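This report concerns only the one structure given below.
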Amino acid sequence: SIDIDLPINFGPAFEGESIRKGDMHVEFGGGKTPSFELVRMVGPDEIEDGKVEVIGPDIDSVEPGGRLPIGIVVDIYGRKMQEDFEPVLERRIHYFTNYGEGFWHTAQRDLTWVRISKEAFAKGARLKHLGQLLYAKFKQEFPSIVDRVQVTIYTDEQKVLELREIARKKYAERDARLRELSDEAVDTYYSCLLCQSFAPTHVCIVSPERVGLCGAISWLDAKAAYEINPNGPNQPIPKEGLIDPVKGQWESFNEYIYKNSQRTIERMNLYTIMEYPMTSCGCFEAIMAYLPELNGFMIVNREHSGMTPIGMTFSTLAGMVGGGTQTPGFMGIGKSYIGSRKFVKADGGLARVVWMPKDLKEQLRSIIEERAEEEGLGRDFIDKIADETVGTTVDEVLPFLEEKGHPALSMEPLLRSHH
Amino acid sequence: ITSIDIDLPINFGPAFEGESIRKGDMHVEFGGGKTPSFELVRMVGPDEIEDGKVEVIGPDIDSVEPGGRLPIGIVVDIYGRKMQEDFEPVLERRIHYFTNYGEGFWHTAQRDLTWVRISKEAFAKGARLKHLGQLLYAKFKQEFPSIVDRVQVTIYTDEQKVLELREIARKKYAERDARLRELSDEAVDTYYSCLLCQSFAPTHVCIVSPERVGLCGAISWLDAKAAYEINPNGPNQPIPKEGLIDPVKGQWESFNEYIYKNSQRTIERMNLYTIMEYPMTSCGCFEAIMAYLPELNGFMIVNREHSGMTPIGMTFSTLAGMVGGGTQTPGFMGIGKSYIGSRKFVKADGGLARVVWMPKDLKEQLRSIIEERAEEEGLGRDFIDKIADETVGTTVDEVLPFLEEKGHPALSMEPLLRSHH
Amino acid sequence: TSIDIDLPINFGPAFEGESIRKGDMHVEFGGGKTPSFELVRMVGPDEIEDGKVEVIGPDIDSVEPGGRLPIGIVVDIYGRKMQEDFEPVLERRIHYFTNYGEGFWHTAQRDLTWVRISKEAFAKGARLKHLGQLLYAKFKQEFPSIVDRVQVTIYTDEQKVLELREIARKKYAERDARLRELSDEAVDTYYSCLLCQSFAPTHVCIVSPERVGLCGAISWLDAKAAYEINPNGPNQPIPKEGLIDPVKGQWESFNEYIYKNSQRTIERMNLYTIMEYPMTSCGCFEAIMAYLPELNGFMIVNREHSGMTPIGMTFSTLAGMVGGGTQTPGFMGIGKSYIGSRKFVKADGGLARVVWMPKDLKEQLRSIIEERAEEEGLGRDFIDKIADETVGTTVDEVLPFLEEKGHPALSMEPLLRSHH
Ligand code: SF4
Ligand code: SF4
Ligand code: SF4
Ligand code: NI
Ligand code: NI
Ligand code: NI
Ligand code: NI
Ligand code: NI
């Protein structure tokens with residue numbers, strides 16, 4: 001814990017609070033007003049170090065139930081600070097004030113949302129304590145790169161309408177930077193091991209065309225973390241000793257994994273799953289499995305609670321996919337790795353995928369359609385994907401695959417067996 | 001199969017303690033709301049009972065023609081040097097244990113309301129009830145060579161005496177029940193355990209606390225304490241509440257050490273107040289099972305006695321096969337039906353406010369406790385009206401619209417597990 | 001395992017999976033349409049010539065498309081360590097040391113030897129002497145210690161093919177009679193191949209004269225022949241001592257043997273019971289049996305049959321539960337011949353307690369299931385009592401049908417119980 005004498009009710013409610021309409025002190029954004037929650041870098045000649053101010057009415061000073069602004073602007077300057085340290089530093093707001101209740105905040109880029117609740121308004125002390133806590137934590141956790149920190153908490157419409165421009169596109173474009181950067185354009189793939197607490201053997205090598213299975217750490221973020229902290233869990237790895245571009249195995253990756261994953265796993269194949277895939281830790285967003293009977297791939301996310309054609313639901317699959325065991329045929333991948341060019345390149349990529357939940361089809365509809373159109377599979381390739389309503393068993397799915405002429409059936413199968 | 005050595009012409013076998021009853025084919029009925037019977041193990045003074053006074057106060061099986069209803073009140077009064085008044089239910093459970101899973105009369109509900117349908121073949125064979133109590137004398141003396149001193153059986157038959165015996169049983173029920181709700185987790189610094197279930201689940205260890213009952217639904221914390229007092233080297237040993245590791249999630253060093261010892265080191269960390277992270281294992285005898293649905297953001301409390309589809313897409317039997325045996329599966333928990341009424345019912349996961357689906361029978365049986373707990377939690381007495389049932393829908397797509405229409409409070413809470421994104 | 005003689009086609013491990021249709025089929029040799037067979041016969045050095053490909057008939061380079069060439073592969077071996085019992089094993093190795101080359105699509109064995117060669121060899125100039133010399137060189141490389149003189153004759157004369165297939169079929173009948181004669185009571189030592197350990201080191205298929213191995217092809221005779229050829233090989237005799245549970249088939253000596261070559265991961269072993277200490281499967285298994293407490297009986301499903309099952313999960317789920325070297329009680333992987341074995345879980349009710357089987361399996365075992373029912377007194381009508389997918393498929397479908405047809409398992413002692 002943090003052990004501060006704050007009034008706010010210490011809890012994990014910041015993550016995904018869906019506030020009731022009849023209680024919320026502030027529900028910003030929502031197609032009605034601006035919204036933001038931002039950490040940015042400013043010049044040394046226009047900011048004051050240690051200043052903590054709460055612009056607009058305080059928590060107690062206004063009655064509950066209104067629709068007013070909310071937002072934390074943390075302006076930090078240092079000698080070595082760069083413009084690319086925002087996405088990694090700002091995430092730490094989810095670990096300073098996140099032991100509290102009555103908030104909703106994320107994604108400080110160009111347009112999206114921010115909120116707050118009531119019951120954290122009359123516990124005795126004001127938001128100035130929150131600002132001071134944030135200033136202290138930013139001065140403490142990152143002493144190398146920042147030398148002056150200022151915090152403001154705006155709650156007035158006009159001063160935050162300028163900030164309406166700060167919650168949708170910057171970080172979206174920062175991951176689109178991974179999208180546009182090719183796998184081989186860069187010359188140093190980065191590592192990730194922060195998930196060692198649940199699975200130490202997980203040494204996840206992130207690439208500019210393959211986000212980590214956590215869904216949060218990318219190559220740009222790993223590089224920024226290394227620049228912030230050379231000793232940090234993300235470490236730099238050059239590319240040496242090419243073995244096979246088809247599966248994507250180098251020498252430095254293999255040696256690093258062998259000497260860091262406790263010698264359980266030696267070789268790694270970035271572009272395929274059926275031979276030397278990458279380990280997981282239990283933080284995967286989706287699960288990818290092989291269906292020789294359907295001759296394709298099955299992808300199921302965490303938020304599905306139904307029956308699967310393979311016969312096992314997601315909860316059962318996580319029992320064996322995770323842990324840190326190099327299992328061929330099963331893997332855990334993020335929901336943004338599906339729309340990547342190097343997504344199981346050897347094993348058919350997007351073509352081999354057959355079945356996935358309907359909700360995940362809708363969420364990834366546009367990107368999957370774009371990726372299918374890029375590869376020539378046709379714009380209507382998403383309709384060729386069998387959903388849960390179409391059939392929950394292999395014997396049900398196969399007639400639909402025959403009807404729709406799925407390309408997975410047409411091409412050759414994989415992983416034959418012995419007698 | 002357990003055997004005996006009593007000399008009676010009746011057919012000892014599948015027809016004396018463990019099968020259903022119907023009124024039409026019943027020869028003589030012993031119990032129910034019409035001709036109530038019971039079975040009590042109380043404590044009385046030495047002068048109140050002659051040692052080994054196995055009697056039959058009233059007609060025997062042959063002396064009664066088909067048409068008359070009588071009870072068999074097995075009033076096993078026990079006097080001892082060290083016996084207490086709290087030790088009654090521990091032995092009282094064992095009286096029907098000699099013939100429960102074999103012999104085939106009835107024991108409805110539990111405790112002291114066994115219902116006996118004495119067969120016509122037993123009446124024709126013309127035995128007596130003296131040996132019925134003689135069997136419960138020798139076996140009782142064999143099982144308890146350290147507490148009991150005198151054992152009696154006093155089978156009454158008079159209808160007014162039937163009502164008097166029923167009133168005595170109801171008086172004893174209140175004494176045995178009111179103590180449990182008085183206890184609390186914080187009051188006592190010692191927690192007992194239970195490893196009786198290792199016969200078909202060696203890797204499973206179940207921790208019992210004043211508020212959390214055992215998953216078997218049978219033993220409580222008081223029962224475990226009484227068994228430890230009676231059996232100092234039995235399958236239950238005390239553990240001091242020491243070495244606190246996680247206060248909110250309920251983890252202690254001593255509990256972790258005990259589990260790491262007994263559970264063959266497969267389980268080392270256990271949480272006493274949450275399901276999604278380090279849930280407690282289960283033998284396979286759980287009264288009910290609760291699963292977490294990320295789509296609905298809540299708990300589905302489906303019990304063993306209810307057969308049917310569940311929102312997760314499978315019946316109780318499949319979930320039991322997935323969970324029981326000691327497999328520590330996050331997102332699923334095996335609990336006793338009374339544990340739902342505990343004040344510390346998954347406090348780390350928001351408690352009763354995170355329950356969205358219950359079967360109709362289980363919901364109706366626990367209406368009285370769910371309303372009382374909703375009033376205490378501040379959710380209001382109408383909380384049971386917000387809980388979906390199988391009539392509302394057997395699938396997520398059928399109950400989610402009903403849940404959002406009812407404004408279930410769990411929709412206003414954050415999801416579970418350890419966050420990463 | 002490559003070669004040296006130049007061929008009109010390549011030589012790689014990936015050509016064994018080639019797909020050739022009827023239009024691309026130049027001339028088949030054997031299978032379900034035409035007669036062709038392999039053979040390995042015991043000979044002496046009196047009238048054998050090394051590498052003599054005595055092709056009696058037209059060569060494969062001068063045959064019209066769509067024709068038929070009956071192929072009799074006679075193998076003449078001069079071996080000091082060789083015996084007449086090693087003939088089948090070498091035949092199996094014909095599959096191993098022939099498919100490594102392109103165009104050598106070879107399937108089945110015995111009188112069902114099916115080899116297909118497309119026009120990629122006939123049009124590009126491949127002779128039958130190429131095949132003969134390739135087989136000779138493959139036998140020399142695979143078995144350099146035992147063989148000394150090799151003659152891979154390839155008869156292609158229809159009259160000679162038939163009069164030689166008569167000898168081959170008589171030899172096959174003798175092999176089958178030798179398999180039938182031996183029984184687990186008289187035979188003291190079993191064997192175990194570890195070719196299946198290439199994926200699951202802990203797993204060890206156990207092969208006995210009555211209960212065949214999980215692979216369904218390596219019988220007791222073949223394992224004994226391989227041990228005689230290769231004493232260092234995976235198979236090792238196991239003395240029959242330390243009988244702990246004769247009801248379910250527990251021997252302490254076999255338990256020690258399991259300790260020896262399975263990293264001591266398995267303590268005991270019930271050869272006649274799958275519930276207590278079963279044996280896992282590496283995928284070589286040909287069928288899966290499971291226990292159903294609802295009907296209290298065994299269910300057996302072969303690999304080729306998928307779909308919904310009374311146990312509640314598909315065959316893929318069962319394979320995942322039992323395969324991968326993982327030992328799970330209550331389920332087992334078995335070979336097809338084991339169903340007809342008289343040691344079929346005798347303590348666990350034998351054939352009586354297994355009622356749910358696919359109809360195709362009933363048709364395959366028409367001379368086996370009925371014969372076993374007659375042996376046990378069940379009568380040939382027991383197949384009517386056998387639940388098949390043509391009548392009932394789910395638990396509820398067979399719930400009243402078992403009672404109507406007189407289910408024997410419920411009429412006998414059940415297994416497994418609850419707690420309270
Ligand atoms: S996704 Fe999680 S486990 Fe994988 S590298 Fe990133 S932090 Fe580590
Ligand atoms: S309820 Fe059952 S499993 Fe739990 S401690 Fe008691 S006997 Fe053991
Ligand atoms: S059945 Fe499988 S594991 Fe056993 S000897 Fe044969 S190939 Fe090896
Ligand atoms: Ni993880
Ligand atoms: Ni139990
Ligand atoms: Ni149990
Ligand atoms: Ni095998
Ligand atoms: Ni196998």
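Letters for chains follow the order of the structure tokens (A, B, ...), residue numbers begin at 1 for each chain, and ligand numbers begin at 1 in the order shown.
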Write out as a JSON list (two decimals) with N, CA and C atoms, in the first residue's frame every residue belonging to chain B that has an atom at most 8 Å from any atom of chain C, counting only C-alpha atoms.
[["chain", "number", "residue", "atom", "x", "y", "z"],
["B", 197, "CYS", "N", -12.17, -35.32, 4.54],
["B", 197, "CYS", "CA", -12.52, -35.47, 3.14],
["B", 197, "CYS", "C", -11.38, -36.00, 2.29],
["B", 216, "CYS", "N", -18.74, -29.07, 3.24],
["B", 216, "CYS", "CA", -19.59, -30.25, 3.35],
["B", 216, "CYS", "C", -20.98, -29.92, 3.87],
["B", 284, "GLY", "N", -15.77, -32.33, -3.07],
["B", 284, "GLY", "CA", -16.73, -32.82, -4.04],
["B", 284, "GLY", "C", -18.08, -33.03, -3.39],
["B", 285, "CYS", "N", -18.19, -32.54, -2.16],
["B", 285, "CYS", "CA", -19.40, -32.66, -1.36],
["B", 285, "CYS", "C", -20.06, -31.31, -1.10]]
Might you pull out every residue within 6 Å of range 154-157 of chain C, with only C-alpha atoms counted and same-chain residues fewer than 6 positions away left off, and present them as a ChimeraX atom specification? /C:55-57,70-73
For ligand 2, return the neighbouring residues as an NGL selection string (distance at most 9 Å; only C-alpha atoms and all ligand atoms). (:B and (193-198 or 201 or 204-208 or 213-220 or 224 or 235-236 or 281-286 or 335-336)) or (:C and (419-420))
Output the neighbourhood of ligand 4 as a list in words, that is, all protein and nucleic acid residues with some atom at most 10 Å from the ligand, counting only C-alpha atoms and all ligand atoms. residues 194, 195, 196, 197, 198, 199, 200, 202, 213, 214, 279, 280, 281, 282, 283, 284, 285, 318, 321, 322, 323, 324 and 332 of chain A; 418 and 420 of chain B
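Residues lying within 10 Å of residue 84 in chain B, counting only C-alpha atoms and ignoring same-chain neighbours fewer than 2 positions away, are residues 42, 43, 79, 80, 81, 82, 86, 87, 88, 147 and 226 of chain B.
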Could the residues of chain A within 7 Å of chain B, counting only C-alpha atoms, be given as number ranges by chain, please? A: 13, 15-20, 216, 303-307
Quick one: residues within 9 Å of ligand 7, with only C-alpha atoms and all ligand atoms, as JSON, numbers by chain? {"A": [418, 419], "C": [193, 194, 195, 196, 197, 198, 199, 200, 203, 204, 205, 214, 215, 281, 282, 283, 284, 285]}
Resulting file, chosen residues, N, CA and C atoms, as a compact mmCIF listing (two decimals), in the first residue's frame:
# COMPACT_ATOMS: atom_id res chain seq x y z
N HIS A 418 1.88 -39.78 -36.00
CA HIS A 418 2.59 -41.04 -36.20
C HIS A 418 1.57 -42.16 -36.22
N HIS A 419 2.07 -43.39 -36.39
CA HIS A 419 1.21 -44.56 -36.42
C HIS A 419 1.26 -45.31 -35.09
N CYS C 193 7.61 -50.92 -26.42
CA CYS C 193 8.30 -50.04 -27.35
C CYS C 193 8.37 -48.63 -26.80
N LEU C 194 9.44 -47.91 -27.15
CA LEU C 194 9.59 -46.51 -26.78
C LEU C 194 9.71 -45.61 -28.00
N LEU C 195 9.33 -46.12 -29.18
CA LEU C 195 9.20 -45.25 -30.35
C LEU C 195 8.18 -44.15 -30.10
N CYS C 196 7.24 -44.39 -29.20
CA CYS C 196 6.24 -43.41 -28.81
C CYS C 196 6.76 -42.39 -27.80
N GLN C 197 7.99 -42.56 -27.31
CA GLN C 197 8.57 -41.62 -26.36
C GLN C 197 9.18 -40.40 -27.04
N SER C 198 9.14 -40.32 -28.37
CA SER C 198 9.67 -39.16 -29.07
C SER C 198 8.91 -37.89 -28.76
N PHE C 199 7.71 -37.99 -28.19
CA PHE C 199 6.93 -36.83 -27.78
C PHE C 199 6.59 -36.82 -26.30
N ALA C 200 6.40 -37.98 -25.67
CA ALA C 200 6.08 -38.08 -24.25
C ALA C 200 7.07 -39.03 -23.60
N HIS C 203 5.61 -41.42 -20.91
CA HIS C 203 4.68 -42.45 -21.37
C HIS C 203 5.43 -43.68 -21.86
N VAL C 204 4.90 -44.85 -21.53
CA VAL C 204 5.43 -46.13 -22.00
C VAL C 204 4.23 -47.04 -22.28
N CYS C 205 3.97 -47.32 -23.56
CA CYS C 205 2.95 -48.30 -23.91
C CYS C 205 3.43 -49.68 -23.50
N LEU C 214 -0.98 -50.05 -27.17
CA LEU C 214 -1.87 -48.96 -27.54
C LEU C 214 -1.75 -48.63 -29.02
N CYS C 215 -0.55 -48.80 -29.59
CA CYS C 215 -0.34 -48.50 -31.00
C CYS C 215 -1.19 -49.37 -31.91
N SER C 281 -1.20 -42.10 -22.81
CA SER C 281 -1.08 -42.41 -24.23
C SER C 281 -0.29 -41.31 -24.92
N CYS C 282 0.53 -41.72 -25.89
CA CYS C 282 1.34 -40.79 -26.67
C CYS C 282 0.69 -40.40 -27.99
N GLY C 283 -0.54 -40.85 -28.24
CA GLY C 283 -1.21 -40.63 -29.49
C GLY C 283 -1.24 -41.83 -30.40
N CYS C 284 -0.40 -42.83 -30.14
CA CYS C 284 -0.45 -44.08 -30.89
C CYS C 284 -1.71 -44.88 -30.59
N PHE C 285 -2.45 -44.51 -29.55
CA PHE C 285 -3.66 -45.23 -29.18
C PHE C 285 -4.68 -45.18 -30.31
Taking only C-alpha atoms into account, what are the residues of chain C at most 12 Å from chain A, put as a count of residues only? 43
Within 9 Å of residue 187 in chain C, counting only C-alpha atoms, which residues show up once you throw out same-chain ones fewer than 3 positions away? Write them as a PyMOL selection string, please. chain C and resi 182-184+190+208-209+240
Once you have the residues from the selection above, write them out as a PDB file, in the first residue's frame, restricted to N, CA and C atoms.
ATOM      1  N   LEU C 182      -0.430 -67.667 -27.760  1.00  0.00           N
ATOM      2  CA  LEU C 182       0.159 -67.137 -26.539  1.00  0.00           C
ATOM      3  C   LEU C 182      -0.892 -66.431 -25.691  1.00  0.00           C
ATOM      4  N   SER C 183      -0.780 -66.596 -24.376  1.00  0.00           N
ATOM      5  CA  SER C 183      -1.684 -65.973 -23.424  1.00  0.00           C
ATOM      6  C   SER C 183      -0.878 -65.385 -22.275  1.00  0.00           C
ATOM      7  N   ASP C 184      -1.464 -64.382 -21.617  1.00  0.00           N
ATOM      8  CA  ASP C 184      -0.772 -63.694 -20.535  1.00  0.00           C
ATOM      9  C   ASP C 184      -0.500 -64.599 -19.340  1.00  0.00           C
ATOM     10  N   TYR C 190       6.581 -59.479 -20.548  1.00  0.00           N
ATOM     11  CA  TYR C 190       5.997 -58.590 -21.536  1.00  0.00           C
ATOM     12  C   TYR C 190       7.103 -57.734 -22.153  1.00  0.00           C
ATOM     13  N   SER C 208       1.347 -56.848 -24.103  1.00  0.00           N
ATOM     14  CA  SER C 208       1.233 -58.189 -23.557  1.00  0.00           C
ATOM     15  C   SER C 208       0.670 -59.113 -24.623  1.00  0.00           C
ATOM     16  N   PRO C 209       0.883 -60.426 -24.490  1.00  0.00           N
ATOM     17  CA  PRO C 209       0.362 -61.355 -25.507  1.00  0.00           C
ATOM     18  C   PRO C 209      -1.142 -61.275 -25.709  1.00  0.00           C
ATOM     19  N   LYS C 240       7.505 -62.137 -14.131  1.00  0.00           N
ATOM     20  CA  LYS C 240       6.178 -62.133 -13.515  1.00  0.00           C
ATOM     21  C   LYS C 240       6.327 -62.544 -12.056  1.00  0.00           C
TER      22      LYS C 240
END
Using only C-alpha atoms, which residues sit within 6 Å of range 294-303 of chain C once same-chain residues fewer than 4 positions away are excluded, as an mmCIF file with N, CA and C atoms, in the first residue's frame?
data_model
loop_
_atom_site.group_PDB
_atom_site.id
_atom_site.type_symbol
_atom_site.label_atom_id
_atom_site.label_comp_id
_atom_site.auth_asym_id
_atom_site.auth_seq_id
_atom_site.Cartn_x
_atom_site.Cartn_y
_atom_site.Cartn_z
ATOM 1 N N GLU C 286 -5.495 -46.238 -30.396
ATOM 2 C CA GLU C 286 -6.514 -46.333 -31.428
ATOM 3 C C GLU C 286 -7.936 -46.215 -30.902
ATOM 4 N N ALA C 287 -8.134 -46.199 -29.586
ATOM 5 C CA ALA C 287 -9.463 -46.016 -29.020
ATOM 6 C C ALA C 287 -9.322 -45.455 -27.614
ATOM 7 N N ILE C 288 -10.407 -44.858 -27.125
ATOM 8 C CA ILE C 288 -10.462 -44.282 -25.788
ATOM 9 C C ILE C 288 -11.674 -44.852 -25.068
ATOM 10 N N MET C 289 -11.463 -45.321 -23.841
ATOM 11 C CA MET C 289 -12.533 -45.807 -22.984
ATOM 12 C C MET C 289 -12.663 -44.906 -21.764
ATOM 13 N N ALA C 290 -13.908 -44.666 -21.360
ATOM 14 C CA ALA C 290 -14.220 -43.785 -20.244
ATOM 15 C C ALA C 290 -15.306 -44.419 -19.388
ATOM 16 N N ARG C 353 -19.893 -54.479 -19.076
ATOM 17 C CA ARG C 353 -20.099 -53.114 -18.610
ATOM 18 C C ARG C 353 -19.855 -52.060 -19.683
ATOM 19 N N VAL C 354 -19.456 -52.453 -20.888
ATOM 20 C CA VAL C 354 -19.300 -51.526 -22.004
ATOM 21 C C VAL C 354 -20.455 -51.764 -22.968
ATOM 22 N N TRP C 356 -21.943 -48.704 -24.815
ATOM 23 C CA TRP C 356 -21.970 -47.609 -25.779
ATOM 24 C C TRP C 356 -20.732 -47.686 -26.666
ATOM 25 N N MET C 357 -20.935 -48.030 -27.934
ATOM 26 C CA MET C 357 -19.884 -48.051 -28.938
ATOM 27 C C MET C 357 -20.457 -47.588 -30.268
#
Could you give me, as a PyMOL selection string, the residues within 12 Å of range 110-112 of chain C, counting only C-alpha atoms and dropping anything in the same chain fewer than 2 positions from it? chain C and resi 28-40+70-74+87-92+94-95+106-108+114-115+161-162+164-173+175
Do a neighbour search on residue 54 in chain A at 9 Å with only C-alpha atoms, toss out local chain neighbours closer than 5 positions, and write the hits as a PyMOL selection string. chain A and resi 126-128+131+151-155
Selected residues written out, C-alpha atoms, as a short mmCIF file (atom, residue, chain, number, x, y, z; two decimals), in the first residue's frame:
data_model
loop_
_atom_site.label_atom_id
_atom_site.label_comp_id
_atom_site.auth_asym_id
_atom_site.auth_seq_id
_atom_site.Cartn_x
_atom_site.Cartn_y
_atom_site.Cartn_z
CA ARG A 126 -9.85 18.22 -0.28
CA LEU A 127 -8.26 17.44 -3.63
CA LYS A 128 -5.17 19.47 -2.71
CA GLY A 131 -2.36 16.84 -5.90
CA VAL A 151 -0.19 19.42 -10.68
CA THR A 152 -3.58 20.95 -11.46
CA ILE A 153 -7.10 19.55 -11.14
CA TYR A 154 -9.43 21.54 -13.40
CA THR A 155 -13.19 21.45 -12.80
#
Backbone DSSP call of alpha helix (DSSP H) for range 143-346 of chain C, listed as a ChimeraX atom specification: /C:158-181,220-229,252-261,315-322,336-340
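Across the structure, CA of residue 134 in chain B and CA of residue 55 in chain B are spaced 9.0 Å apart.
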